[PDB]
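Q: Protein chains in written order, with the UniProt record's numbering: chain X, 2 to 311; chain C, 2 to 311; chain E, 2 to 311; chain W, 2 to 311; chain Y, 2 to 311; chain Z, 2 to 311. Ideal Cβ positions, reconstructed from N, Cα and C, are used throughout, including at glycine.
Protein chains: 6
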Amino acid sequence: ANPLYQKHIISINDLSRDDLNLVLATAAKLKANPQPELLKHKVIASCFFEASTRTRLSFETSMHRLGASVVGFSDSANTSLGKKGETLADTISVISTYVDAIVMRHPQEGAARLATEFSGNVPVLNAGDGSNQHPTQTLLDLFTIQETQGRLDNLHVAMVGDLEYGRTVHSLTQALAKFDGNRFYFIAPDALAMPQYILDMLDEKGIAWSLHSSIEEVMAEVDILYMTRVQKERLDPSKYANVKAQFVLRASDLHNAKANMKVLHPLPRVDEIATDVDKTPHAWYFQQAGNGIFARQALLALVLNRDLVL
Amino acid sequence: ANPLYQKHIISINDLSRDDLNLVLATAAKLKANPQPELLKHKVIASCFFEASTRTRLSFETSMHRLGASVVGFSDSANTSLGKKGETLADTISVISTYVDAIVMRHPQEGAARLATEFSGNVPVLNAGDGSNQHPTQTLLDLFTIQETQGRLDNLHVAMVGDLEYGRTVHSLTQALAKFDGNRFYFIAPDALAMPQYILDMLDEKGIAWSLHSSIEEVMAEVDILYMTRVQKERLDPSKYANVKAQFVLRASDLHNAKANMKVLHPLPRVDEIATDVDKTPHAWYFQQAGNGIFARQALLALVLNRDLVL
Amino acid sequence: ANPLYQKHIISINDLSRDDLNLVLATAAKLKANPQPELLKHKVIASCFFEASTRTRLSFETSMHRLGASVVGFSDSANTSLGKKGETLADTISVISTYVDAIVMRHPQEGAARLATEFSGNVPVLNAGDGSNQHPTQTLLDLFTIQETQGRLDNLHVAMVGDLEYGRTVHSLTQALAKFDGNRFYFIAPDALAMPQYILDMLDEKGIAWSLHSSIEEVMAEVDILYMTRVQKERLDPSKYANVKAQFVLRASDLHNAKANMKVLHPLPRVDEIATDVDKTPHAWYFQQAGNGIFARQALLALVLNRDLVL
Amino acid sequence: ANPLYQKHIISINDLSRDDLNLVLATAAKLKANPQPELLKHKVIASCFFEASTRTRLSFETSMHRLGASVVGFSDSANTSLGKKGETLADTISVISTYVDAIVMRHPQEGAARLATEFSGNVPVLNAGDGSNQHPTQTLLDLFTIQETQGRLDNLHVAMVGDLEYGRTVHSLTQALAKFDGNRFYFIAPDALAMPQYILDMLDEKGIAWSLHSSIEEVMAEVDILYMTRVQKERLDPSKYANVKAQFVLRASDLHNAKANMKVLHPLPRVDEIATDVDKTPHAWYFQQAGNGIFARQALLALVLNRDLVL
Amino acid sequence: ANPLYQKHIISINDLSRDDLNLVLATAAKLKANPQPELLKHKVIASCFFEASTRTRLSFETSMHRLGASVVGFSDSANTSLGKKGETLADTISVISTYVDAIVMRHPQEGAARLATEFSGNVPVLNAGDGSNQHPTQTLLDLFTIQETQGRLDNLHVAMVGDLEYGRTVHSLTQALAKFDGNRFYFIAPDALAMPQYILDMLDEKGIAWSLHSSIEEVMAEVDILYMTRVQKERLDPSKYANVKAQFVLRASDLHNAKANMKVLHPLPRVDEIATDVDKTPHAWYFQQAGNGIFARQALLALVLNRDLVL
Amino acid sequence: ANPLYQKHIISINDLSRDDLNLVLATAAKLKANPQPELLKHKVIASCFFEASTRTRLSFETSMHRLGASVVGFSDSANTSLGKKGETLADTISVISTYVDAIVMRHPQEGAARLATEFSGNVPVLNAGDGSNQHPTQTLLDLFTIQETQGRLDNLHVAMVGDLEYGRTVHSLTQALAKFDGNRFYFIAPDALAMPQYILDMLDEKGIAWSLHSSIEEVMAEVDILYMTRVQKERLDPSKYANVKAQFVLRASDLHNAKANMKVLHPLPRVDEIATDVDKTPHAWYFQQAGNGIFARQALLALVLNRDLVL
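(1) In angstroms, rounded to a whole number, what distance separates the CA positions of C/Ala209 and C/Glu217?
(2) Nearest to Y/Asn127 by alpha carbon, out of Y/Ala2, Y/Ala284, Y/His107 and Y/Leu141?
(3) Does the separation of the CB atoms of Y/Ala290 and Y/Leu268 fall below 8 Å?
(4) Rounded to the nearest angstrom, what separates Z/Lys43 and Z/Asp101 at their Cα positions?
(5) Taking 8 Å as the CB-CB cut-off, is X/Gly167 touching chain C?
(6) What residues in the segment 245-273 of chain W have a beta carbon less than 8 Å from any beta carbon of chain Z?
(7) State the start and end residues of the unbroken alpha helix (DSSP H) segment that holds residue 314 of chain E.
(8) Are the CB atoms of W/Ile103 and W/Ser120 nearer to each other than 8 Å?
(9) Distance check for Z/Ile294 and Y/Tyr99, CA to CA, integer angstroms please.
(10) Look at the alpha carbon of Z/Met160 and the alpha carbon of Z/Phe287, and state the distance between them as a whole number of angstroms.
(11) Quick check: is the beta carbon of X/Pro37 nearer than 8 Å to any beta carbon in chain C?
(12) With a threshold of 8 Å between beta-carbons, can E/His65 be considered close to chain C, or not?
(13) So the alpha helix (DSSP H) E/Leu226 belongs to, where does it begin and stop?
(14) Excluding sequence positions up to five away, which residues of its chain have a Cβ less than 6 Å from the Cβ of residue 349 of chain Z?
(15) If W/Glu110 and W/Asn133 are in contact, beta carbons under 8 Å, what's the gap, nearest whole angstrom?
(16) Determine, using beta carbons only, whether C/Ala194 and C/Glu165 come nearer to each other than 8 Å.
(17) In chain order, what residues of the segment 287-301 of chain E put their CB closer than 7 Å to some CB of chain X?
(18) Give the residues from the segment 48-73 of chain X that approach chain C closer than 7 Å (Cβ to any Cβ), ordered along the chain.
(19) Per DSSP, what kind of secondary structure is W/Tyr198 in: helix, strand or coil?
Take a look at the structure:
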């Protein structure tokens with residue numbers, strides 16, 4: 002069997018570098034040469050306790066593309082005091098007797114991990130557990146970077162926006178740190194700077210990093226510019242306008258940028274990326290989104306199919 | 002390739018007569034001899050931004066009937082924006098990287114056409130865009146008429162009800178006007194008569210038409226009686242009762258009607274057709290509904306499958 | 002053909018003992034040796050006019066496990082007591098022209114039966130019609146009992162809880178009464194005792210039954226302990242606490258119980274079964290749930306597939 | 002006594018020319034010299050089964066100005082279709098043992114009248130009974146006309162807007178027609194003409210009335226110009242289309258008005274009266290509204306105080 | 002002082018036979034000669050945390066009749082489970098610095114009692130605390146019995162309806178039993194018998210009571226016939242089945258009543274008392290209701306006015 | 002006339018120091034010697050377009066205490082649109098013809114000020130206009146501080162909590178800055194610090210202020226500790242618990258505090274002040290609340306009564 006056969010996929014931190022490459026290789030294989038009948042006869046449960054339509058669509062598309070059958074549900078803001086009756090445990094306890102794997106998304110952190118403890122030999126794949134993990138987002142991010150730079154080492158990577166709450170970039174930073182020679186740049190409105198324990202983790206690994214306050218300072222020399230999504234509630238509406246215009250990206254900010262550089266963004270965006278960057282060779286956020294279905298196919302394939310055909 | 006392969010289907014007006022017959026022929030073929038594996042390995046997106054259960058059921062059935070895989074969503078009225086953050090454009094920009102074709106229904110007019118501008122080479126099929134278009138409803142209407150009369154030319158066709166707001170009949174009128182020798186009769190409570198630009202278009206083509214105020218005047222000599230659904234809000238509730246009883250159909254109104262005539266209705270009905278007409282040979286609205294899955298199969302087949310097997 | 006081919010499945014009382022065994026035998030066969038392509042090319046409609054996610058999930062999984070395609074809908078608080086335009090009849094009249102079978106769940110009693118009157122030769126399977134029937138729940142119950150005791154006759158069966166409103170146990174009682182040598186024990190807070198017509202039916206068949214008020218009195222000598230779910234609204238919140246602690250089950254209540262005994266519960270449970278019973282050999286409610294997909298596979302298979310392969 | 006002592010005021014059509022005069026006379030008297038202790042020790046019920054803030058504030062203020070105490074309720078979007086069990090008749094049978102008079106507004110035509118049949122000796126005053134009557138509105142209208150013109154005979158009065166449903170203009174016309182020599186001018190968007198019973202009534206009394214399509218025709222001759230309120234569903238975007246501006250009265254429309262001309266509107270207005278008329282000497286709708294407290298004081302005074310000496 | 006000056010009135014069970022008498026005497030006094038200035042310059046809070054219109058109107062009217070000013074609020078189907086943060090205790094702590102007395106009604110048993118622990122020197126009067134107490138309802142009941150019978154000893158009183166939950170009949174029975182020689186007659190639909198603590202209480206005091214199943218048995222002997230109010234969920238269609246008509250009292254049921262016999266019902270009534278009894282001399286429920294303002298005047302008078310001289 | 006006769010009271014910034022003292026002196030006079038007939042024969046409108054029960058109760062009590070009559074309304078969640086038809090301006094235009102003064106509370110900022118532009122010579126008093134002003138709150142705060150310290154100058158004042166959104170403290174700060182020798186201490190979780198323009202205003206006036214992060218640092222030396230109410234939505238639920246325990250006050254935090262110090266809080270509180278501080282001599286928030294009715298009496302008195310009697 003391959004290392005990931007029948008394993009739960011809960012947290013980025015539970016994966017070696019070996020693992021990561023394994024996933025990314027499979028993604029690239031499946032993207033080159035589809036296997037629309039790899040999971041024929043499998044039935045996967047798409048369990049979105051917290052609605053997330055862009056996430057469900059991607060994942061369910063991945064399932065069909067492998068020929069698997071899909072059942073599931075999207076929950077409705079919850080209701081009053083939850084499911085109220087059913088413990089999450091009971092819920093998994095039952096569903097794990099219907100299906101061959103579970104993909105779940107939930108507002109409480111740790112829910113995915115909890116499910117593993119009642120799912121028997123049914124693997125669960127975390128599609129988002131509150132503010133904790135979202136591994137396929139990170140995996141899709143990784144795959145996208147590698148595909149476009151040809152490598153995941155010795156890269157110049159910028160992070161921009163709400164770096165304090167932006168779990169997307171935490172995860173991507175963590176996983177890029179299992180790679181050598183990489184160099185980070187963090188761009189944030191001061192009271193939103195990158196949480197320390199990461200930097201501590203970075204210094205301790207010997208990872209070059211620089212805190213800045215405007216995209217310009219570094220634009221000329223980065224390979225990936227990864228933007229997150231600054232909110233109108235987080236910062237207040239007076240300080241917002243006074244410093245908002247550097248956490249917004251226009252094509253005119255790309256005059257001195259490298260011909261290999263791609264701009265990434267987990268989506269959705271609102272105003273943080275002006276639509277005029279869309280037409281440039283740098284915009285790669287839609288491409289990135291597309292790659293989600295390969296990252297997710299890869300993961301489902303590796304977990305449910307004992308030996309992989311590259 | 003057939004003329005429709007890889008084309009967007011947005012508006013009835015974008016189709017030639019050739020086109021229409023092409024669709025209708027394919028419908029008839031598929032109804033006679035199913036191809037439950039024609040679209041095996043295709044993944045279609047059922048995107049109902051505005052909920053419409055009778056429409057989604059029909060369309061999704063069509064998809065499974067051709068062996069395609071279906072993913073999608075039905076949106077929930079409006080707490081305020083269903084979307085707020087995401088532009089429709091961004092939403093299509095993303096979904097068009099997951100799937101092989103998009104079937105969408107939306108409250109704004111022009112939404113489907115807008116989608117085509119961001120869907121790349123992914124075809125979109127309009128399943129209703131506000132009060133503008135609903136092409137598969139027209140096509141299913143056409144197919145139903147042809148099947149039952151053997152021809153789409155030189156026919157005597159009645160329209161009844163809310164002819165001012167009833168887009169269903171506008172479209173059907175428009176498309177029947179791409180045919181020769183046809184003759185219309187419009188039945189409406191005066192302040193709800195058929196919009197003029199239609200008639201202008203009809204006079205200009207040399208199309209015989211007569212405005213009436215009761216079904217009786219014409220019942221004896223029509224081939225199709227197509228009823229729309231008069232509302233309790235549109236006309237007030239005092240004038241309603243005073244003229245309501247001629248825009249209601251009972252079996253007793255069918256004594257002098259032709260043995261070829263079928264009564265149509267896009268559905269649903271409330272009281273405008275009494276249940277006693279159900280048992281008669283003229284009731285064909287349920288049949289009509291059934292034909293929906295053939296009109297829609299045909300369209301999907303033509304669009305996604307380069308060369309058709311009649 | 003087998004006796005159930007193309008038959009509607011509406012009410013437990015419409016089935017002979019022969020029928021029941023036929024279903025259960027098929028369940029057992031399918032569980033032993035899956036037929037993931039038995040219903041290939043069938044399209045089933047999953048119509049939940051009243052939402053019930055544990056019920057829909059189970060049923061839809063059954064469908065995909067037999068290789069059938071699934072379309073449907075879940076309704077939103079049946080907001081009020083109906084779809085305001087469409088009669089249920091019209092709705093079935095239409096749907097029965099799209100699909101090969103109908104699985105429906107509805108707030109009004111008799112809705113399933115009504116559907117049969119408009120569905121043509123399309124079979125309908127009742128997945129719950131208000132407080133009347135839920136036959137797959139009973140069938141899954143039956144199957145679960147037989148599997149674990151090896152027989153459906155001469156058994157010692159306990160029912161616990163809201164026996165006045167608990168339709169789950171009524172049905173199970175009725176169907177277990179088409180078997181010989183069975184002995185019941187009813188445990189209820191007095192003003193919630195088992196409806197009489199049941200008992201009348203039992204005396205008239207010569208069925209041994211005893212009314213009790215605490216689980217203890219009988220625990221030592223039962224083969225099945227089937228628990229229902231007592232509500233916080235039905236009994237008021239003063240009397241509740243004064244007698245609640247015997248309609249709650251702990252592992253410590255299982256010291257003198259038989260090594261063949263299994264505890265059942267249709268689910269979900271809230272507090273009526275403490276989680277400490279989960280780890281014991283008696284807990285079988287999750288197993289029971291899993292059997293749902295075999296009872297339900299069996300029924301779809303028998304109905305849609307003319308001759309069965311055991 | 003006084004003719005109105007202990008009488009109900011339910012409908013305009015129940016009041017003589019004398020009655021009308023008495024009310025208006027009293028009104029003016031009270032307006033000139035207040036009697037803040039006239040109803041000391043009375044308790045009045047302000048029963049607003051249908052919420053209407055403008056109307057309730059007026060009525061209640063009047064009660065306080067005369068020294069009475071007020072108790073009551075405004076009602077709400079009714080959960081589950083009402084007090085449901087409790088008849089209006091039981092409600093009025095009870096409330097009428099507490100209080101000295103009942104002022105009530107209700108969504109059903111005839112509610113005020115039914116109250117009197119159960120109120121005993123407690124007079125009930127109608128503040129609005131569905132689309133039937135609203136006598137104090139009419140009385141404040143009359144009072145405004147009389148106060149500014151010095152008279153209720155020999156006037157030139159124009160009604161403008163929705164004449165089909167403007168219950169205000171029906172009432173006012175009825176009333177004025179109890180007086181000699183008035184001449185009427187009716188102006189509608191063609192649609193929404195005047196009820197034929199009103200016109201028939203004018204003819205027997207021998208009263209001049211003319212129909213018109215814009216105000217221009219009539220502006221130079223009128224003494225009162227009364228505008229109705231005009232809903233979004235009362236009319237549509239299609240009949241707001243070529244002539245919707247006379248539906249919008251502007252200061253410019255007033256250049257040739259007689260100096261004495263006043264413009265009344267029962268309020269609220271949405272767009273039918275432009276704010277630039279507010280500054281003209283003809284705008285009188287706010288003043289009209291404040292006269293309501295005198296009409297209402299008058300009714301309450303006359304009805305509760307045996308002999309009302311000015 | 003007077004014994005009740007500055008005391009809280011929370012529960013019937015806190016009041017002596019003398020207390021009861023004082024209230025009733027005062028009530029009669031006030032009813033006979035009003036003192037509309039007795040509480041001039043007092044301000045009372047009418048705190049209705051639970052909406053109850055009938056109760057609030059009565060209480061407020063009483064305050065006004067005694068010349069006090071009223072402020073307060075009626076509450077609503079509570080969004081998000083309350084003031085949530087704000088404790089009732091904080092609420093009472095604040096309000097009791099504004100006002101001179103608090104009349105409050107609350108959905109929780111014990112709320113009035115808790116209020117007194119924070120109200121300081123401000124008396125609180127209980128207007129309903131969940132299913133616990135409703136003292137003024139009970140006092141108006143006693144007052145009506147006393148006024149019409151000339152007495153509260155040596156009576157023959159029948160309670161009819163839901164005796165399990167009829168908090169009105171529990172209270173009234175308790176109070177009457179503070180008096181000598183009353184004999185009681187209880188009548189239920191078998192189900193819903195009287196609470197054993199009440200009966201046990203009667204036996205110690207040495208008081209005659211009889212159980213019965215219809216009113217016929219008892220009609221010729223009773224002085225008061227007190228009906229409870231009876232809910233749709235309190236009972237069901239199955240126990241409305243063979244004997245539901247004695248649950249519907251009709252004029253015909255009254256042929257042999259003593260001339261003095263009065264029928265009281267705390268109201269509202271839905272179907273349990275037919276409208277044809279309304280005309281009989283026995284019907285006294287509306288009079289009963291109007292007596293509430295005296296019971297309530299009385300309480301307020303006594304509690305706020307140091308020495309109440311009749 | 003006194004300076005405030007017939008003036009609108011909209012914003013704290015529209016009042017001199019002289020004004021403030023004038024209000025506070027009148028408050029004290031009225032508290033010492035009530036004038037229950039000062040406003041006899043005035044009618045005030047209590048217009049709460051946004052509901053606020055603690056605010057309405059206080060204000061309405063003030064009006065009754067002065068003998069004024071009160072009419073008004075509380076609005077119901079603004080109902081999606083608001084009032085839809087009526088412009089605020091029209092609403093004030095009308096109400097200002099009924100009444101002698103307007104007290105209003107409204108969700109939009111500037112609504113009070115707008116009212117003044119249509120209210121003629123009727124004074125309006127702002128009872129809260131979105132997040133802008135609430136002057137009677139500040140005034141009651143001021144009066145409470147002065148009464149308990151004997152002076153409004155040279156005081157040591159602490160502000161605690163959500164100092165970024167907490168308009169209550171902004172206003173109190175502003176107004177205290179029209180006094181000499183005062184010294185502030187601001188206690189906040191960093192991303193909620195006191196808005197700068199305030200501080201700028203303070204530096205510019207020469208006002209000593211110190212930013213801190215825990216109550217302890219200063220407890221020993223303050224005269225007023227004024228707490229605001231930190232939300233569970235504003236800060237997120239992970240960071241909340243990590244720093245929550247210093248914005249919570251227990252009695253044990255009061256060991257080294259001055260014998261003149263009083264703890265203030267506009268109310269309501271939830272957990273930010275533990276109930277054990279209630280019993281200490283420092284708790285003054287309920288007292289503070291009481292003072293609201295004198296601040297508010299003073300204001301109404303000064304505004305509607307041309308010359309004051311101290």
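A: In brief:
(1) In the second sequence, the residue the question calls residue 209 of chain C occupies position 208. In the second sequence, the residue the question calls residue 217 of chain C occupies position 216. Answer to the nearest angstrom: the Cα atoms are 19 Å apart.
(2) As a first step, residue 127 of chain Y is located in the fifth sequence; it is residue number 126 there, counting from the start. Checking every option, the nearest Cα to that of Y/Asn127 belongs to Y/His107.
(3) Here residue 290 of chain Y refers to the residue found at position 289 when the fifth sequence is read from its first residue. Here residue 268 of chain Y refers to the residue found at position 267 when the fifth sequence is read from its first residue. One thing to note: Y/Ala290 has its Cβ within 8 Å of the Cβ of Y/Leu268.
(4) Position 42 of the sixth sequence, counted from the start, is the residue given in the question as residue 43 of chain Z. Position 100 of the sixth sequence, counted from the start, is the residue given in the question as residue 101 of chain Z. In a straight line, the C-alpha of Z/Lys43 is about 6 Å away from that of Z/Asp101.
(5) What you label residue 167 of chain X is simply residue 166 of the first sequence in a count that begins at 1. So no, X/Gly167 is outside the interface.
(6) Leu268, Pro269, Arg270 and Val271
(7) Within the shown structure, residues of chain E are numbered from 2 to 311, placing residue 314 of chain E beyond reach of any answer.
(8) For this step, residue 103 of chain W is matched to residue 102 along the fourth sequence. For this step, residue 120 of chain W is matched to residue 119 along the fourth sequence. Yes. Within cutoff.
(9) Looking up residue 99 of chain Y in the fifth sequence gives position 98. Looking up residue 294 of chain Z in the sixth sequence gives position 293. Computed Cα separation, rounded: 7 Å.
(10) For the purposes of this step, residue 160 of chain Z is identified with residue 159 of the sixth sequence, where counting begins at 1. For the purposes of this step, residue 287 of chain Z is identified with residue 286 of the sixth sequence, where counting begins at 1. Distance between the alpha carbons of Z/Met160 and Z/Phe287: 18 Å.
(11) The residue given as residue 37 of chain X occupies position 36 in the first sequence. Yes, X/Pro37 counts as interfacial toward chain C.
(12) Within the third sequence, the letter at position 64 stands for residue 65 of chain E. By this cut-off, E/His65 is not an interface position.
(13) One-based indexing of the third sequence puts residue 226 of chain E at position 225. Taken as a continuous stretch (DSSP letters only), E/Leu226 belongs to no alpha helix (DSSP H), being part of the beta strand (DSSP E) at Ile225 to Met228.
(14) Limits of chain Z in this structure are 2 at one end and 311 at the other, which puts residue 349 of chain Z out of reach.
(15) As a first step, residue 110 of chain W is located in the fourth sequence; it is residue number 109 there, counting from the start. As a first step, residue 133 of chain W is located in the fourth sequence; it is residue number 132 there, counting from the start. About 4 Å; that satisfies the 8 Å criterion.
(16) Translated into positions along the second sequence, residue 194 of chain C becomes position 193. Translated into positions along the second sequence, residue 165 of chain C becomes position 164. Result yes, Cβ atoms of C/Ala194 and C/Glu165 sit closer than 8 Å.
(17) Under the 7 Å Cβ criterion, the segment 287-301 of chain E contributes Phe287, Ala290, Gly291 and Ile294.
(18) Listed by position, the residues of the segment 48-73 of chain X near chain C (Cβ gap below 7 Å) are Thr54, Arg55, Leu58, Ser59, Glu61, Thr62, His65 and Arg66.
(19) For the purposes of this step, residue 198 of chain W is taken as the residue at position 197 of the fourth sequence. Here W/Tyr198 sits in helix by DSSP.
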